[PDB]
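Heavy atoms only: backbone and side chains are in, while hydrogens, waters and symmetry mates are out. Atoms within each ligand, like the ligands themselves, are counted from 1 in listed order. Numbers here simply count residues along the sequence, with the first being 1.
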Amino acid sequence: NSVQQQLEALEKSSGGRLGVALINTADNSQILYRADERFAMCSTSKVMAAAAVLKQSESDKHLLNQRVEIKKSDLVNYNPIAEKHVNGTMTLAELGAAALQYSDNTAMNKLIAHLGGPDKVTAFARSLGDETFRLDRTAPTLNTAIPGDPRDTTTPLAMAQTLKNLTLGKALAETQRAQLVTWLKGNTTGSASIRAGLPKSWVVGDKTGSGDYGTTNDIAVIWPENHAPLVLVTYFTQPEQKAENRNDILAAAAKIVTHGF
Ligand SMILES: *C(=O)[C@@H](NC(=O)/C(=N\OC(C)(C)C(=O)O)c1csc(N)n1)[C@H](C)NS(=O)(=O)O
C-alpha cells in the first residue's frame, strides 16, 4: 500500500492521533499526515528557545559565554545537568547544550528568562516566517499537552519547515547554524524514537518531547549516506491524561516514511 495508507493504518492501530511531516530536500517533496493540525510541542519547543539565543549571539560576541547563576529554587521536575551546578554558574552555551542534549528543564527556563519570557520565543519563530508556533509557558507546565489546548503548540508542517530553515537553511548565520546542528546531533534522549526507525549508521540530529496525554514527539534532521537530508517531525498524542508515552510509534512512522531513501 501507499505511504499514506501505511500512515493511516499506523494511526488506526495506535490508539491516538499521529502527525507527520517529512521534507525531502533532494526535490523539496513532502510526506504530510495531519500536518496542519496543532499538537502540543512539549520539549521539542526547546529548539526554538535555543535558536533564539543563537540568533542574539550573531550580534553579541560575548553572549554564549555569559554566566548564568543556577540556584536551588531554579530546579523543577527534570534537570539532570542544572542540578550539578547549583550554587555555581553555567554559560548560555552550556544551557543551550543541556536543554537540547539532555532536555534539562531548568536550562530551558533559563533560556526563556534570558530572552524575556515565552512570548519572545514566539516572536523569534515569527521572525523566521513561522506563523504557527506559539510558546505560552515555562517548563514543566508547557508539557501538559491537554487535547485541544492551543498553548505551546505548533503543526508538524510548520515545525518541519522551521527546523529545515534552522538547521539547513536561512534562519541562522553559519557559525550559529553549525552550533545548533552540533547540539542536535549530540542529543542523548532520542535512541528509541525516530533514530530507532532508521539505519543505525545514518547521522541524525533530533529533539524529543514527552508530556501528559501520552504525548510523544521527536523532530529530526537526517543525513543519509548517499542522499540529500530529510527533515522529519513525528508528533503523537493520546486521549487519556495518564497514557504511556509511545516512542515506538515514532520509530514506526520514521521507518514508513524513509523507506527507499
Ligand atoms: C519535555 O518534553 C520534557 N517533559 C517533561 O518535563 C515531562 N515529563 O518528562 C519526563 C521525561 C520526566 C517524563 O517522565 O515524561 C512532563 C510530563 S507532564 C509535564 N508537565 N511534564 C522532557 C524532560 N523532555 S524529553 O525530551 O526528555 O521528553
> Which residues pass the side-chain contact (heavy atoms from CB on, under 4.5 Å) test with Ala98, sequence neighbours left out?
Replying inline: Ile81, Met90, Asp104, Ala107
>> Considering only residues two or more places apart or on different chains, which pairs with a residue in residues 9-56 satisfy ring-ring contact (aromatic ring centres under 6.0 Å, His included)?
In response: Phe39-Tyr235
>> Under the criterion side-chain contact (heavy atoms from CB on, under 4.5 Å), I'd like the reasoning laid out for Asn217 against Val233: C-alpha separation, chi angles, the key distance, then a yes or no.
In response: CA-CA 8 Å; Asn217 295 336; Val233 171; over 6 Å; no
For ligand 1, list every N/O pair with the protein closer than 3.5 Å, one pair per line with the distance.
unit_1	atom_1	unit_2	atom_2	d
ligand 1	2 (O)	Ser43	N	2.8
ligand 1	2 (O)	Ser43	OG	2.3
ligand 1	2 (O)	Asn143	OD1	3.1
ligand 1	2 (O)	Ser210	N	2.9
ligand 1	2 (O)	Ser210	O	3.2
ligand 1	4 (N)	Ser210	O	2.8
ligand 1	6 (O)	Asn77	ND2	3.0
ligand 1	6 (O)	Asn105	ND2	2.9
ligand 1	20 (N)	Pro140	O	3.0
ligand 1	24 (N)	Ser43	OG	2.8
ligand 1	24 (N)	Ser103	OG	2.8
ligand 1	26 (O)	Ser103	OG	3.2
ligand 1	26 (O)	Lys207	NZ	3.1
ligand 1	26 (O)	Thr208	O	3.2
ligand 1	26 (O)	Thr208	OG1	2.6
ligand 1	28 (O)	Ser210	N	3.0

> Has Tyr102 got more than 12 heavy atoms of other residues, nucleotides or ligands less than 6.0 Å from its OH?
Replying inline: no
> Residues two or more places apart in sequence or in another chain: which of them pass side chain to side chain donor-acceptor pair (under 3.5 Å) with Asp149?
Replying inline: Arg151
> Has the side chain of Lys55 got a donor or acceptor atom that lies under 3.5 Å from a matching backbone atom of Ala171?
Replying inline: yes
